[PDB]
$ cat input23.cif   # mmCIF, N, CA, C and O atoms
data_work
loop_
_atom_site.label_atom_id
_atom_site.label_comp_id
_atom_site.auth_asym_id
_atom_site.auth_seq_id
_atom_site.Cartn_x
_atom_site.Cartn_y
_atom_site.Cartn_z
N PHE K 1 -8.14 9.72 -10.69
CA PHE K 1 -7.38 8.50 -10.87
C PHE K 1 -6.25 8.42 -9.85
O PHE K 1 -5.77 9.44 -9.35
N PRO K 2 -5.82 7.21 -9.49
CA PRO K 2 -4.70 7.07 -8.56
C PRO K 2 -3.37 7.39 -9.19
O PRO K 2 -3.20 7.37 -10.42
N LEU K 3 -2.41 7.68 -8.32
CA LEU K 3 -1.09 8.07 -8.78
C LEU K 3 -0.32 6.85 -9.28
O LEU K 3 0.50 6.95 -10.19
N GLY K 4 -0.61 5.69 -8.69
CA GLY K 4 0.04 4.47 -9.15
C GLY K 4 -0.74 3.78 -10.25
O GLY K 4 -0.21 2.93 -10.96
N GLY K 5 -2.01 4.14 -10.41
CA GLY K 5 -2.83 3.59 -11.46
C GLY K 5 -3.42 2.23 -11.18
O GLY K 5 -4.16 1.71 -12.03
N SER K 6 -3.12 1.63 -10.03
CA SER K 6 -3.61 0.29 -9.72
C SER K 6 -3.58 0.06 -8.22
O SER K 6 -2.69 0.56 -7.53
N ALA K 7 -4.56 -0.69 -7.73
CA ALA K 7 -4.59 -1.22 -6.37
C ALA K 7 -4.91 -2.70 -6.50
O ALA K 7 -6.07 -3.11 -6.41
N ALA K 8 -3.88 -3.51 -6.72
CA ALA K 8 -4.04 -4.89 -7.15
C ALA K 8 -3.83 -5.86 -5.99
O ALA K 8 -3.71 -5.45 -4.83
N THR K 9 -3.81 -7.15 -6.30
CA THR K 9 -3.58 -8.21 -5.32
C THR K 9 -2.23 -8.88 -5.55
O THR K 9 -1.69 -8.88 -6.66
N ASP K 10 -1.71 -9.45 -4.47
CA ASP K 10 -0.28 -9.76 -4.32
C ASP K 10 0.29 -10.81 -5.27
O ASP K 10 1.12 -10.48 -6.12
N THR K 11 -0.12 -12.06 -5.13
CA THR K 11 0.64 -13.19 -5.64
C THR K 11 -0.14 -13.93 -6.71
O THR K 11 -1.33 -14.22 -6.51
N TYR K 12 0.51 -14.22 -7.84
CA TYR K 12 -0.12 -14.97 -8.94
C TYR K 12 0.57 -16.29 -9.24
O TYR K 12 -0.11 -17.33 -9.23
N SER K 13 1.88 -16.28 -9.55
CA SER K 13 2.68 -17.45 -9.91
C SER K 13 2.11 -18.15 -11.16
O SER K 13 1.50 -19.22 -11.08
N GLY K 14 2.27 -17.46 -12.29
CA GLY K 14 1.81 -17.97 -13.58
C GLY K 14 2.40 -19.33 -13.92
O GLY K 14 3.46 -19.73 -13.44
N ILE K 15 1.68 -20.06 -14.78
CA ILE K 15 1.72 -21.52 -14.78
C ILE K 15 2.13 -22.11 -16.13
O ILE K 15 2.12 -21.44 -17.17
N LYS K 16 2.48 -23.40 -16.09
CA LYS K 16 3.00 -24.15 -17.23
C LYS K 16 2.36 -25.54 -17.24
O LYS K 16 1.94 -26.05 -16.20
N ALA K 17 2.28 -26.13 -18.44
CA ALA K 17 1.40 -27.27 -18.71
C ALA K 17 2.04 -28.61 -18.37
O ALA K 17 3.27 -28.75 -18.33
N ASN K 18 1.18 -29.60 -18.12
CA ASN K 18 1.58 -31.00 -18.10
C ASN K 18 0.32 -31.80 -18.46
O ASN K 18 -0.53 -32.04 -17.60
N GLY K 19 0.21 -32.19 -19.73
CA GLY K 19 -0.92 -33.01 -20.14
C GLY K 19 -2.21 -32.21 -20.24
O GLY K 19 -2.26 -31.15 -20.88
N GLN K 20 -3.26 -32.72 -19.61
CA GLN K 20 -4.58 -32.10 -19.69
C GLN K 20 -4.68 -30.87 -18.80
O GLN K 20 -5.41 -29.93 -19.13
N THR K 21 -3.96 -30.85 -17.68
CA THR K 21 -4.02 -29.73 -16.76
C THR K 21 -2.74 -28.91 -16.82
O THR K 21 -1.70 -29.36 -17.31
N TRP K 22 -2.85 -27.69 -16.33
CA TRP K 22 -1.71 -26.83 -16.05
C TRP K 22 -1.21 -27.15 -14.66
O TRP K 22 -1.92 -27.76 -13.86
N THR K 23 0.06 -26.83 -14.38
CA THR K 23 0.61 -27.12 -13.06
C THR K 23 1.06 -25.88 -12.29
O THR K 23 0.42 -25.53 -11.30
N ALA K 24 2.09 -25.17 -12.76
CA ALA K 24 2.86 -24.24 -11.95
C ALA K 24 3.88 -23.56 -12.85
O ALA K 24 3.91 -23.85 -14.04
N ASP K 25 4.72 -22.68 -12.31
CA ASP K 25 5.77 -22.09 -13.12
C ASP K 25 6.86 -23.10 -13.45
O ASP K 25 7.12 -24.04 -12.69
N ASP K 26 7.50 -22.90 -14.60
CA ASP K 26 8.66 -23.68 -15.00
C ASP K 26 9.66 -22.65 -15.51
O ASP K 26 9.52 -22.19 -16.65
N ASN K 27 10.58 -22.25 -14.62
CA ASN K 27 11.61 -21.21 -14.72
C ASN K 27 11.17 -19.97 -15.50
O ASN K 27 11.94 -19.39 -16.27
N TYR K 28 9.92 -19.55 -15.29
CA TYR K 28 9.40 -18.35 -15.92
C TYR K 28 8.97 -17.30 -14.91
O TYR K 28 9.38 -16.14 -15.02
N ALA K 29 8.13 -17.67 -13.96
CA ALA K 29 7.41 -16.70 -13.16
C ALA K 29 7.92 -16.68 -11.73
O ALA K 29 8.60 -17.59 -11.26
N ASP K 30 7.55 -15.61 -11.04
CA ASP K 30 7.90 -15.38 -9.65
C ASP K 30 6.61 -15.40 -8.84
O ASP K 30 5.51 -15.48 -9.39
N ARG K 31 6.75 -15.36 -7.51
CA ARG K 31 5.60 -15.12 -6.65
C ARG K 31 5.00 -13.75 -6.91
O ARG K 31 3.78 -13.56 -6.77
N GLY K 32 5.82 -12.78 -7.31
CA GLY K 32 5.33 -11.48 -7.70
C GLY K 32 4.83 -11.40 -9.13
O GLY K 32 5.58 -11.66 -10.08
N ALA K 33 3.56 -11.05 -9.28
CA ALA K 33 2.94 -10.68 -10.55
C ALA K 33 1.70 -9.88 -10.19
O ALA K 33 1.06 -10.17 -9.18
N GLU K 34 1.39 -8.86 -10.98
CA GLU K 34 0.39 -7.88 -10.58
C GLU K 34 -0.52 -7.54 -11.75
O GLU K 34 -0.04 -7.07 -12.78
N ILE K 35 -1.82 -7.78 -11.58
CA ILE K 35 -2.87 -7.18 -12.39
C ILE K 35 -4.00 -6.81 -11.44
O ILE K 35 -4.21 -7.46 -10.41
N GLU K 36 -4.72 -5.75 -11.77
CA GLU K 36 -5.84 -5.31 -10.95
C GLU K 36 -7.12 -5.96 -11.45
O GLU K 36 -7.44 -5.88 -12.64
N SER K 37 -7.83 -6.62 -10.55
CA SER K 37 -9.10 -7.23 -10.90
C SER K 37 -10.14 -6.15 -11.18
O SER K 37 -10.30 -5.22 -10.39
N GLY K 38 -10.83 -6.28 -12.30
CA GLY K 38 -11.78 -5.26 -12.69
C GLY K 38 -11.10 -4.02 -13.22
O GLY K 38 -10.10 -4.12 -13.94
N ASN K 39 -11.60 -2.85 -12.86
CA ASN K 39 -11.09 -1.59 -13.36
C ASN K 39 -10.26 -0.88 -12.30
O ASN K 39 -10.14 -1.32 -11.15
N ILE K 40 -9.70 0.26 -12.71
CA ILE K 40 -8.96 1.12 -11.81
C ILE K 40 -9.93 1.79 -10.84
O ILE K 40 -10.93 2.39 -11.25
N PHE K 41 -9.65 1.66 -9.54
CA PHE K 41 -10.44 2.37 -8.55
C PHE K 41 -10.22 3.86 -8.67
O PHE K 41 -9.11 4.35 -8.43
N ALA K 42 -11.27 4.59 -9.01
CA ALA K 42 -11.22 6.02 -9.24
C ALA K 42 -12.09 6.74 -8.22
O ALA K 42 -12.60 6.14 -7.27
N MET K 43 -12.26 8.04 -8.42
CA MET K 43 -13.19 8.80 -7.61
C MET K 43 -13.72 9.93 -8.50
O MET K 43 -13.29 10.04 -9.65
N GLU K 44 -14.69 10.72 -8.02
CA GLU K 44 -15.46 11.61 -8.89
C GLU K 44 -15.42 13.07 -8.45
O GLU K 44 -15.64 13.38 -7.28
N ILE K 45 -15.19 13.96 -9.42
CA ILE K 45 -15.35 15.41 -9.28
C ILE K 45 -16.37 15.89 -10.31
O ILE K 45 -16.38 15.39 -11.44
N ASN K 46 -17.26 16.81 -9.92
CA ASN K 46 -18.10 17.52 -10.89
C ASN K 46 -17.55 18.94 -11.01
O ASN K 46 -18.03 19.88 -10.37
N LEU K 47 -16.53 19.10 -11.85
CA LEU K 47 -15.64 20.24 -11.72
C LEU K 47 -16.21 21.52 -12.32
O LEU K 47 -15.85 22.62 -11.87
N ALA K 48 -17.08 21.43 -13.32
CA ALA K 48 -17.69 22.64 -13.85
C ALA K 48 -18.74 23.18 -12.89
O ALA K 48 -18.94 24.39 -12.79
N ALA K 49 -19.41 22.28 -12.15
CA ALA K 49 -20.30 22.72 -11.09
C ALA K 49 -19.54 23.34 -9.94
O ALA K 49 -20.06 24.22 -9.25
N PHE H 1 -6.33 15.19 -2.48
CA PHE H 1 -5.72 14.94 -1.18
C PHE H 1 -6.78 14.49 -0.19
O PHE H 1 -7.87 15.05 -0.15
N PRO H 2 -6.49 13.48 0.64
CA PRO H 2 -7.42 13.12 1.71
C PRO H 2 -7.47 14.18 2.80
O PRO H 2 -6.62 15.07 2.87
N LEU H 3 -8.51 14.08 3.64
CA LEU H 3 -8.86 15.14 4.57
C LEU H 3 -7.79 15.32 5.64
O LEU H 3 -7.32 16.44 5.86
N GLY H 4 -7.39 14.24 6.29
CA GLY H 4 -6.42 14.37 7.35
C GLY H 4 -4.99 14.58 6.89
O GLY H 4 -4.17 15.02 7.70
N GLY H 5 -4.69 14.31 5.63
CA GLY H 5 -3.31 14.35 5.19
C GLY H 5 -2.52 13.19 5.77
O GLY H 5 -1.49 13.40 6.42
N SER H 6 -3.01 11.98 5.53
CA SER H 6 -2.41 10.76 6.06
C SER H 6 -2.89 9.59 5.23
O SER H 6 -3.99 9.65 4.66
N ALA H 7 -2.05 8.55 5.12
CA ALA H 7 -2.42 7.36 4.36
C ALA H 7 -3.61 6.66 5.01
O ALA H 7 -4.72 6.69 4.46
N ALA H 8 -3.41 6.04 6.17
CA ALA H 8 -4.43 6.04 7.21
C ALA H 8 -3.87 6.60 8.51
O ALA H 8 -4.15 7.76 8.83
N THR H 9 -3.03 5.82 9.22
CA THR H 9 -2.13 6.13 10.35
C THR H 9 -1.60 4.74 10.75
O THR H 9 -2.24 3.74 10.41
N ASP H 10 -0.47 4.63 11.45
CA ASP H 10 -0.24 3.42 12.23
C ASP H 10 0.14 3.77 13.67
O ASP H 10 0.01 4.93 14.08
N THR H 11 0.59 2.80 14.46
CA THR H 11 0.66 3.00 15.91
C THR H 11 1.92 3.76 16.34
O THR H 11 1.83 4.89 16.82
N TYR H 12 3.10 3.14 16.17
CA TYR H 12 4.41 3.71 16.51
C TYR H 12 4.48 4.19 17.97
O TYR H 12 4.48 5.39 18.25
N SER H 13 4.47 3.23 18.90
CA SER H 13 4.54 3.54 20.32
C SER H 13 5.85 4.23 20.70
O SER H 13 6.84 4.19 19.97
N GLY H 14 5.85 4.86 21.87
CA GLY H 14 6.92 5.78 22.26
C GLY H 14 8.06 5.12 23.01
O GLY H 14 7.85 4.29 23.89
N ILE H 15 9.28 5.53 22.66
CA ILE H 15 10.52 4.97 23.20
C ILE H 15 11.47 6.12 23.52
O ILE H 15 11.66 7.02 22.70
N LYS H 16 12.06 6.09 24.72
CA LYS H 16 13.13 7.02 25.07
C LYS H 16 14.44 6.25 25.19
O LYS H 16 14.50 5.05 24.95
N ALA H 17 15.50 6.97 25.55
CA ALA H 17 16.83 6.38 25.60
C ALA H 17 17.26 6.15 27.04
O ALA H 17 17.11 7.02 27.90
N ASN H 18 17.81 4.97 27.30
CA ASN H 18 18.33 4.60 28.62
C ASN H 18 19.85 4.50 28.62
O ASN H 18 20.42 3.92 29.55
N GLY H 19 20.53 5.07 27.62
CA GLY H 19 21.97 4.93 27.58
C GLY H 19 22.43 3.54 27.20
O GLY H 19 22.78 2.76 28.09
N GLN H 20 22.34 3.21 25.90
CA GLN H 20 22.60 1.94 25.18
C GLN H 20 21.38 1.02 25.29
O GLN H 20 21.30 0.01 24.59
N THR H 21 20.37 1.39 26.07
CA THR H 21 19.16 0.60 26.16
C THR H 21 18.00 1.44 25.65
O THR H 21 17.95 2.65 25.88
N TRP H 22 17.09 0.82 24.91
CA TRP H 22 15.90 1.49 24.41
C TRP H 22 14.69 1.03 25.23
O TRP H 22 14.06 0.02 24.90
N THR H 23 14.37 1.78 26.28
CA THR H 23 13.19 1.54 27.08
C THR H 23 12.06 2.42 26.57
O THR H 23 12.31 3.53 26.10
N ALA H 24 10.84 1.91 26.66
CA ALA H 24 9.67 2.65 26.21
C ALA H 24 9.43 3.85 27.11
O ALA H 24 9.44 3.74 28.34
N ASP H 25 9.21 5.01 26.48
CA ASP H 25 8.99 6.25 27.21
C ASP H 25 7.65 6.24 27.92
O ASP H 25 6.68 5.62 27.48
N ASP H 26 7.60 6.91 29.07
CA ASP H 26 6.34 7.14 29.75
C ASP H 26 5.53 8.24 29.07
O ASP H 26 4.33 8.08 28.87
N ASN H 27 6.20 9.29 28.62
CA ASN H 27 5.56 10.52 28.15
C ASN H 27 4.89 10.34 26.80
O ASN H 27 4.03 11.15 26.44
N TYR H 28 5.27 9.31 26.04
CA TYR H 28 4.85 9.17 24.66
C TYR H 28 3.96 7.94 24.57
O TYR H 28 4.17 7.07 23.72
N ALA H 29 2.97 7.87 25.47
CA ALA H 29 2.24 6.66 25.84
C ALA H 29 1.47 5.98 24.72
O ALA H 29 1.34 6.54 23.62
N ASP H 30 0.84 4.85 25.07
CA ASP H 30 0.71 3.64 24.26
C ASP H 30 0.47 3.84 22.77
O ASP H 30 1.27 3.39 21.94
N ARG H 31 -0.61 4.51 22.40
CA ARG H 31 -1.00 4.63 21.00
C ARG H 31 -1.28 6.09 20.66
O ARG H 31 -2.43 6.55 20.72
N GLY H 32 -0.23 6.83 20.32
CA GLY H 32 -0.39 8.12 19.68
C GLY H 32 -0.48 7.92 18.17
O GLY H 32 0.20 7.08 17.61
N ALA H 33 -1.36 8.68 17.54
CA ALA H 33 -1.63 8.49 16.11
C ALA H 33 -0.50 9.13 15.31
O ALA H 33 -0.60 10.27 14.87
N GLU H 34 0.57 8.37 15.10
CA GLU H 34 1.83 8.95 14.66
C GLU H 34 1.89 9.16 13.16
O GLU H 34 0.88 9.14 12.44
N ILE H 35 3.11 9.42 12.69
CA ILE H 35 3.44 9.47 11.27
C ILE H 35 3.20 8.10 10.63
O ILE H 35 3.20 7.07 11.31
N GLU H 36 2.96 8.09 9.32
CA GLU H 36 2.73 6.77 8.74
C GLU H 36 3.97 6.18 8.05
O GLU H 36 4.54 5.22 8.56
N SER H 37 4.42 6.78 6.94
CA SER H 37 5.53 6.43 6.07
C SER H 37 5.47 7.41 4.91
O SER H 37 4.42 8.03 4.68
N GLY H 38 6.59 7.56 4.20
CA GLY H 38 6.62 8.00 2.82
C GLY H 38 5.97 9.34 2.52
O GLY H 38 6.52 10.40 2.81
N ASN H 39 4.80 9.27 1.91
CA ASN H 39 3.93 10.42 1.81
C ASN H 39 2.49 9.92 1.81
O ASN H 39 2.19 8.81 2.26
N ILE H 40 1.59 10.76 1.30
CA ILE H 40 0.15 10.68 1.49
C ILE H 40 -0.47 9.83 0.40
O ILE H 40 -0.05 9.87 -0.77
N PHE H 41 -1.48 9.04 0.76
CA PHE H 41 -2.28 8.25 -0.18
C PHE H 41 -3.13 9.22 -1.00
O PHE H 41 -4.32 9.41 -0.77
N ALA H 42 -2.48 9.84 -1.98
CA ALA H 42 -3.03 10.93 -2.78
C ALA H 42 -3.45 10.41 -4.15
O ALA H 42 -3.23 9.25 -4.49
N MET H 43 -4.06 11.29 -4.94
CA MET H 43 -4.70 10.89 -6.18
C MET H 43 -4.38 11.92 -7.26
O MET H 43 -3.48 12.76 -7.10
N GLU H 44 -5.11 11.87 -8.37
CA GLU H 44 -4.73 12.61 -9.58
C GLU H 44 -5.96 12.94 -10.42
O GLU H 44 -6.66 12.04 -10.87
N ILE H 45 -6.19 14.24 -10.64
CA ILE H 45 -7.13 14.73 -11.65
C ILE H 45 -6.29 15.13 -12.86
O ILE H 45 -5.11 15.45 -12.71
N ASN H 46 -6.86 15.09 -14.05
CA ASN H 46 -6.38 15.98 -15.10
C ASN H 46 -7.42 17.09 -15.18
O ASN H 46 -8.49 16.93 -15.77
N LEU H 47 -7.09 18.22 -14.58
CA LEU H 47 -8.09 19.22 -14.30
C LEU H 47 -8.34 20.12 -15.49
O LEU H 47 -9.48 20.54 -15.71
N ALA H 48 -7.31 20.41 -16.28
CA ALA H 48 -7.51 21.22 -17.47
C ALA H 48 -8.18 20.42 -18.57
O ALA H 48 -8.88 21.00 -19.41
N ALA H 49 -8.01 19.10 -18.55
CA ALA H 49 -8.55 18.24 -19.60
C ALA H 49 -10.07 18.22 -19.59
O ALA H 49 -10.71 18.30 -20.65
#

$ encode --input "input23.cif" --output "C-alpha cells"
Amino acid sequence: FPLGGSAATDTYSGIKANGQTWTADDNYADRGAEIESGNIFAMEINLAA
Amino acid sequence: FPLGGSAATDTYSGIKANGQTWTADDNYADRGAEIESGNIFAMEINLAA
C-alpha cells in the first residue's frame, strides 16, 4: 500500500442547486477536493514464498 | 523501495556563481539526472500481518 494511501486527481469544486440542475459551489467548496477514483493503487508481494 | 531510490528524477541544470550574477556553469552541463525533492516515492507493507 502507498504511504499516503491515495493517488487522486486535482480539482472537484462541489456544487449547489438551482431548480432542476445543479450549478456550482455556494460558499462551501474550494478548488481543492480529493477522492481517488476506483481503489487504492497497490502492489504485490508473495511473502511466504 | 523503488530500484533507483528516486521519485522519478527531474532536470535541474547547472549554475555557477559570477559574483552577484548566476550564470549557468559549463561543468554541470545541460541535463544531469539530479536530485528530485523531499524523499523517495516509497510504499508500505504490513509484513508481520

$ resolve_selection --input "input23.cif" --expression "the PyMOL selection byres ((chain H and name CA) within 7 of (chain K and name CA))" --output "number ranges by chain"
H: 42-45

$ atom_distance --input "input23.cif" --atom1 "atom N of residue 28 in chain K" --atom2 "atom N of residue 12 in chain K"
13.1 Å

$ residues_around --input "input23.cif" --residues "residue 7 in chain H" --least-positions-apart "6" --cutoff "6 Å" --atoms "only N, CA, C and O atoms" --output "MDAnalysis selection string"
chainID H and resid 39:41

$ atom_distance --input "input23.cif" --atom1 "atom C of residue 15 in chain K" --atom2 "atom C of residue 37 in chain K"
20.7 Å

$ closest_residue --input "input23.cif" --among "H:6, H:46, H:18, H:13" --to "residue 30 in chain H" --atoms "only C-alpha atoms"
H:13

$ atom_distance --input "input23.cif" --atom1 "CA of residue 31 in chain H" --atom2 "CA of residue 10 in chain H"
8.9 Å

$ residues_near_point --input "input23.cif" --point "(4.4, -22.6, -11.7)" --cutoff "5 Å" --atoms "all atoms listed in the file" --output "number ranges by chain"
K: 13-16, 23-26

$ write_last_selection --input "input23.cif" --atoms "N, CA, C and O atoms" --output "CSV table (one decimal), keeping the file's coordinate frame"
chain,number,residue,atom,x,y,z
K,13,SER,N,1.9,-16.3,-9.6
K,13,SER,CA,2.7,-17.4,-9.9
K,13,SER,C,2.1,-18.2,-11.2
K,13,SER,O,1.5,-19.2,-11.1
K,14,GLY,N,2.3,-17.5,-12.3
K,14,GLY,CA,1.8,-18.0,-13.6
K,14,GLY,C,2.4,-19.3,-13.9
K,14,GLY,O,3.5,-19.7,-13.4
K,15,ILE,N,1.7,-20.1,-14.8
K,15,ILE,CA,1.7,-21.5,-14.8
K,15,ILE,C,2.1,-22.1,-16.1
K,15,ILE,O,2.1,-21.4,-17.2
K,16,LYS,N,2.5,-23.4,-16.1
K,16,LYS,CA,3.0,-24.2,-17.2
K,16,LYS,C,2.4,-25.5,-17.2
K,16,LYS,O,1.9,-26.0,-16.2
K,23,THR,N,0.1,-26.8,-14.4
K,23,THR,CA,0.6,-27.1,-13.1
K,23,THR,C,1.1,-25.9,-12.3
K,23,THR,O,0.4,-25.5,-11.3
K,24,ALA,N,2.1,-25.2,-12.8
K,24,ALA,CA,2.9,-24.2,-12.0
K,24,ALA,C,3.9,-23.6,-12.8
K,24,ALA,O,3.9,-23.8,-14.0
K,25,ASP,N,4.7,-22.7,-12.3
K,25,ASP,CA,5.8,-22.1,-13.1
K,25,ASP,C,6.9,-23.1,-13.4
K,25,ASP,O,7.1,-24.0,-12.7
K,26,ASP,N,7.5,-22.9,-14.6
K,26,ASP,CA,8.7,-23.7,-15.0
K,26,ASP,C,9.7,-22.6,-15.5
K,26,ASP,O,9.5,-22.2,-16.6

$ residues_near_point --input "input23.cif" --point "(2.4, 11.5, 13.2)" --cutoff "8 Å" --atoms "all atoms listed in the file" --output "number ranges by chain"
H: 9-11, 32-36

$ axis_aligned_box --input "input23.cif" --around "range 16-25 of chain H" --padding-each-side "3 Å" --output "lines of an AutoDock Vina configuration file"
center_x = 14.7
center_y = 3.5
center_z = 27.0
size_x = 22.1
size_y = 13.0
size_z = 11.1
